[PDB]
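In: An experimental structure, sequence included, is below.
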Amino acid sequence: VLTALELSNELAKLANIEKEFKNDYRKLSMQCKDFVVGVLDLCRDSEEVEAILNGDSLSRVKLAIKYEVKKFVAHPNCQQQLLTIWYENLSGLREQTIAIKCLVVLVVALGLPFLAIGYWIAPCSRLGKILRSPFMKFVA
Amino acid sequence: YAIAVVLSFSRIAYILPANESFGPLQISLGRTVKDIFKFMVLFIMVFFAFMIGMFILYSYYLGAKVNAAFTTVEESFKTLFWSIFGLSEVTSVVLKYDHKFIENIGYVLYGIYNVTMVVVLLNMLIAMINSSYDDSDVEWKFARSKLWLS
Amino acid sequence: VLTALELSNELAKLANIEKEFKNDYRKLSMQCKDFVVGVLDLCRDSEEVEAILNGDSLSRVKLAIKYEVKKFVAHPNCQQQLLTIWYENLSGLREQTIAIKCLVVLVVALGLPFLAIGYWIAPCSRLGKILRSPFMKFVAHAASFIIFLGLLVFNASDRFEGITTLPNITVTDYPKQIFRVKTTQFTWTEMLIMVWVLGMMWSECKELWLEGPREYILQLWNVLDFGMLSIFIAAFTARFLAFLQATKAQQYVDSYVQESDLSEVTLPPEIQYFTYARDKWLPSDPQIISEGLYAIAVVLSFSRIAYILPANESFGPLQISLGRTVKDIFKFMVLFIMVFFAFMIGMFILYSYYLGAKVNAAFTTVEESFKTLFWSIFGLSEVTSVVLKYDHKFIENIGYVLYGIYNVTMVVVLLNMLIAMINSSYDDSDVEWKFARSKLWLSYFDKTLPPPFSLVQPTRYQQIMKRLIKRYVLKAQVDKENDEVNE
Ligand SMILES: O=C(c1cc2c(s1)CCCCC2)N1CCC(n2c(=O)[nH]c3ccccc32)CC1
Ligand SMILES: O=C(c1cc2c(s1)CCCCC2)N1CCC(n2c(=O)[nH]c3ccccc32)CC1
């Protein structure tokens, strides 16, 4: 999978450099991307999905983002893992409606100075884990 | 400060990809902006051609025109730009002298400029339509995943 | 390959001639083009590619360009060979970015006279090979066009912020001078503009005489270029007659009357005419005609960018789409003209009898009716164009209804034209742009100086062709077998 990602990037760079056989190199890079996406698609356990998404820190997801391997990142096997970290330390809030999320954003907007000053003790408190989740960082 | 305040609201683009409904909208906007730029370049070329033509035609009638419209480069640019959205009147090409050759040539050039602007607008719309085509879904999910990993 | 090219051309001509079985002949011509493209595609060595691209001087590429075999010219096997000649004598510059190429164009624009004068020794120097490459010829021509546009803009300087004297007032260097002499005398910049315009005229006349009038007319863009050059020539001729009249007046006034100041002189009316200001010129004054034609020529000069856009990778497809749509643009403008003329005649006939009876002179003459109906398209005419000063509500209401129906019909025709353009909009665009770019390249393959500076043991080929045709037959048979091996 790492070999296919690197080869896809190399073939895309060659497609840019040549411009004569750009279609050939783009087709080859698409072949590499398709291979990576299919190998990810074969996964049927969390262990396999993790092994694909980071090698031996989502390393392969970051590499695919860098190399514009869009179908690998957008695959449900990767998306579920990304949502796992995204909605970390907060499980019920994932299932809430969009209106509840907007209300949470409004509450955070109202009370941002209070939580900011409480961050001096938050890591020793439970609320520090809540505010340190990626979704809460985005909301903040 | 006014320009900075206007540009501040552009930071919404860092938040829309997270939303499920507006993310695809931003994706389509990004899809079309690439040919928006090229057709604005074409607009600029045609606009500059007609602007130079109008200014050269009407530069010698600063006090001889009912309306100071094409008598300077600034004024020519202003009237030709605001003719795109219809905020300039047709009396921009009327003289106070009995030179029907200059006035009629100005009329013809201004009408041709309007027709050319409409034609370029329609071509840009059709190019945008062609560039518009579950690739949109994976594109939006890629953008949202980049936002998450940030 | 030559047989297939010739047969494709013949079948296209038959498709045009018949028009009953046009689809059959077009399908056959497409078959011939496909055969040629496939035979080219089979090549896997430079020797084979050359043998295909020119027979036993890119002869077959030129023939395919003539016969509109677009996929053969746009094939990568042909494109790499074309880039080889295009980027000749300059290898590193091929890999440079677009910004570096633009910087090279700017440098050439700045130093064009220096390299032009150095061309007297350049063939004996290394730089002669550099400037004689097709890419450098194209860059030199683009720089020449840029310099021409710069001259056109710079000749209008000192008026960018507006003129300082009112058109009613005359300013002369010395009292003995005729005002029209000062207004018509030539400065250096428009002398260079004339030299350049004569350069492009001489070039265009060269291709016109080489190709013939009937052949040259059939290209619309070529006749557009010829018209632009002829409008420049007409404007400068009118300026020259104005200058001749002014200098005749100056000769008369200096020869005959002997006074310190010309203002006190009561000149004869023929000589006195050339002392008046802008306001008191005749409507058919030669300088008025000169300025009017010069403005149109300046506007049309910027259309020459169409000779440079196909070289660019990003704007070439844009020009291709513009050319795709212009064909139905013309037809729907014809429909616009039909509807417009119908409504114009109707409006004029309705409102011709109310010249002094209307709040606004809008449809009282053919000129006025045309003006108001044309500027209603872009919304620069008001609705009070159909209002009378008399109590004739029948005429006024009929005018209202006709004007509203005209607006609705214009909108409907516009939307239909947009939809027709959308339908006409549909990697054929890529091959079309590459065909246009290859035509641009081959125009420069075999012109070294810009128009302003132009004033001064059967056979090896038979063996290769037999090998390629054997390859084609084997590949076709293998494809047929793989299609029907099971049966
Ligand atoms: O609006 C116009 C325009 C012309 C054109 C425009 S616009 C651009 C696209 C349409 C074709 C060219 N003009 C010019 C001449 C007009 N004009 C008279 O001066 N006498 C006339 C007698 C009959 C019909 C028209 C008359 C006055 C104003
Ligand atoms: O603008 C209009 C237009 C009509 C139509 C136009 S345009 C074209 C497309 C729409 C249908 C035809 N007209 C005409 C008559 C109007 N009119 C009175 O004169 N008395 C009225 C009493 C009720 C409603 C309208 C009244 C005055 C101005």
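Out: Nice, I can see it. Numbering: from 1, shown residues only, chains lettered A, B, ... in the order given. Ligands and ions are numbered 1, 2, ... in the order given.

In: The residue most central in space within chain A is in what secondary structure piece?
Out: Closest residue to the average C-alpha location of chain A: residue A:82 at 4.7 Å, with C-alpha atoms, centre = their mean. Element membership for residue A:82, per DSSP states H and E: helix A:76-86.

In: tell me which residues of that helix are tucked away?
Out: Buried residues in helix A:76-86, counted by 16 or more other C-beta atoms under 10 Å in any protein chain shown: A:77, A:78, A:79, A:81, A:82, A:86. Every C-beta, even on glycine, is put in place using the N, C-alpha and C of the backbone.

In: Residue A:58: what's it in contact with?
Out: Residue A:58 sits next to A:81, A:82, A:85, B:149 when contact means C-beta atoms under 8 Å, 6 or more residues apart in numbering or on different chains.

In: again but with residue A:69, I slipped
Out: A:5, A:8, A:33, A:36, A:37, A:63.

In: go with 7 Å
Out: Counting by C-beta atoms under 7 Å, 6 or more residues apart in numbering or on different chains, residue A:69 touches A:5, A:8, A:33, A:36.

In: now for those, which pair is the farthest apart?
Out: Pairwise distances across the contacts of residue A:69 (C-beta to C-beta) peak at 8.4 Å, for the pair A:5 and A:33.

In: Between the two, tell me which one has more neighbours.
Out: Comparing residue A:5 with residue A:33 by neighbour count (other C-beta atoms under 10 Å in any protein chain shown), the higher total belongs to residue A:33, at 23 against 20.

In: and the residue of chain A found nearest ligand 2, how many residues sit next to it?
Out: Nearest residue of chain A to ligand 2 (C-beta to the nearest ligand atom) works out as residue A:98 at 44.6 Å. By other C-beta under 10 Å, the residues close to residue A:98 number 10.

In: next one: the one 3 residues further on
Out: Around residue A:101 sit 16 other residues, with neighbours defined as other C-beta under 10 Å.

In: show me what contacts it?
Out: Applying C-beta under 7 Å, 6+ apart to residue A:101 gives no contacts.

In: Sticking with it, tell me its helix or strand.
Out: helix A:98-118.

In: Identify the residues contacting whichever helix or strand comes after that helix?
Out: Next helix or strand after helix A:98-118 toward the C-terminus (DSSP H and E): helix A:126-131. Outside helix A:126-131, the residues that touch it by C-beta under 7 Å, 6+ apart are A:89, A:90, A:115, A:122, A:136.

In: Might you name the residue of chain A sitting closest to chain B?
Out: The nearest approach of chain A to chain B comes at residue A:74, 3.7 Å away (C-beta to the nearest C-beta).

In: Quick check: phi and psi at that residue.
Out: Main-chain torsions, residue A:74, degrees, to the nearest 10: phi -80, psi 0.

In: which residues does it contact?
Out: B:138, B:141, B:142.

In: Tell me the residues of chain A that contact chain C?
Out: A:20, A:21 (C-beta under 7 Å from any C-beta of the partner chain).

In: one step back: what about burial for the contacts of helix A:126-131, which qualify?
Out: Of those, these count as buried by 16+ other C-beta under 10 Å: A:89, A:115, A:122, A:136.

In: TSV for those, including distance to ligand 2?
Out: Output for the buried ones among the contacts of helix A:126-131, formatted as TSV (distance: C-beta to the nearest ligand atom, whole Å):
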residue	distance to ligand 2
A:89	65
A:115	62
A:122	68
A:136	59
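
In: quick one: which two of those residues are the most distant?
Out: Every pair of the buried ones among the contacts of helix A:126-131 checked by C-beta to C-beta; the farthest is A:89 and A:115, at 14.7 Å.

In: wouldn't residue A:135 be in contact with residue A:89 here?
Out: No - the criterion here is C-beta atoms under 7 Å, and residue A:135 misses it with residue A:89 at 9.1 Å.

In: what's the offset of stretch A:113-133 from the middle of its chain?
Out: 24 Å (C-alpha atoms, centre = their mean, to the nearest Å).

In: Output it in CSV with nothing but the alpha carbons.
Out: Extracted in CSV, the C-alpha atoms of stretch A:113-133 (Å, rounded to 0.1, in the frame of the first residue of the first chain):
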residue,chain,number,x,y,z
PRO,A,113,-13.5,33.0,28.6
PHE,A,114,-14.8,30.8,31.5
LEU,A,115,-13.5,27.6,30.0
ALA,A,116,-10.3,29.3,28.9
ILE,A,117,-9.5,30.4,32.4
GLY,A,118,-10.6,27.1,33.8
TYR,A,119,-8.2,25.3,31.5
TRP,A,120,-5.5,26.1,34.1
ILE,A,121,-7.0,23.2,36.1
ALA,A,122,-8.9,21.4,33.3
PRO,A,123,-6.2,18.8,32.5
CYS,A,124,-6.5,17.6,36.1
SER,A,125,-10.3,17.6,35.7
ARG,A,126,-12.7,15.6,33.6
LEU,A,127,-13.7,18.6,31.5
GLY,A,128,-10.2,18.9,30.1
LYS,A,129,-10.6,15.6,28.3
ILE,A,130,-14.0,16.9,26.9
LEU,A,131,-12.5,20.2,25.6
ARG,A,132,-9.4,18.5,24.2
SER,A,133,-11.4,16.3,21.8
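
In: Would you indicate which residues of it are buried?
Out: Neighbour counts over stretch A:113-133 (16+ other C-beta under 10 Å) mark A:115, A:122, A:127, A:130, A:131, A:133 as buried.

In: if I pick the residue lying farthest from the centre of chain A, what's in contact with it?
Out: Here chain A reaches farthest from its C-alpha mean at residue A:20, the gap being 34.8 Å by C-alpha atoms, centre = their mean. For residue A:20, the contact set (C-beta under 7 Å, 6+ apart) comprises C:76, C:79, C:80, C:83.

In: coming back round to it: near ligand 1, which of the contacts of residue A:69 show up?
Out: Contacts with ligand 1 within the contacts of residue A:69, counted by C-beta under 6 Å from any ligand atom: none were found.

In: among the residues you listed, which are in helices?
Out: A:5, A:8, A:33, A:36 (DSSP state H).

In: residues in contact with the first one?
Out: Which is residue A:5. Counting by C-beta under 7 Å, 6+ apart, residue A:5 touches A:36, A:63, A:64, A:67, A:69.

In: The nearest residue to it once chain neighbours are set aside and chain C, how far apart?
Out: The spatially closest residue to residue A:5, leaving aside those adjacent along the chain, is residue A:63, at 5.4 Å (C-beta to C-beta, 6 or more residues apart in numbering or on different chains). The gap separating residue A:63 from chain C is 26 Å, by C-beta to the nearest C-beta, to the nearest Å.

In: do residue A:90 as well
Out: Applying C-beta to the nearest C-beta, the value for residue A:90 to chain C is 46 Å.

In: and the residue lying closest to that residue once chain neighbours are set aside, what does it touch?
Out: Nearest non-adjacent residue to residue A:90, counting by C-beta to C-beta, 6+ apart: residue A:133, 5.7 Å away. Applying C-beta under 7 Å, 6+ apart to residue A:133 gives the contacts A:88, A:89, A:90.
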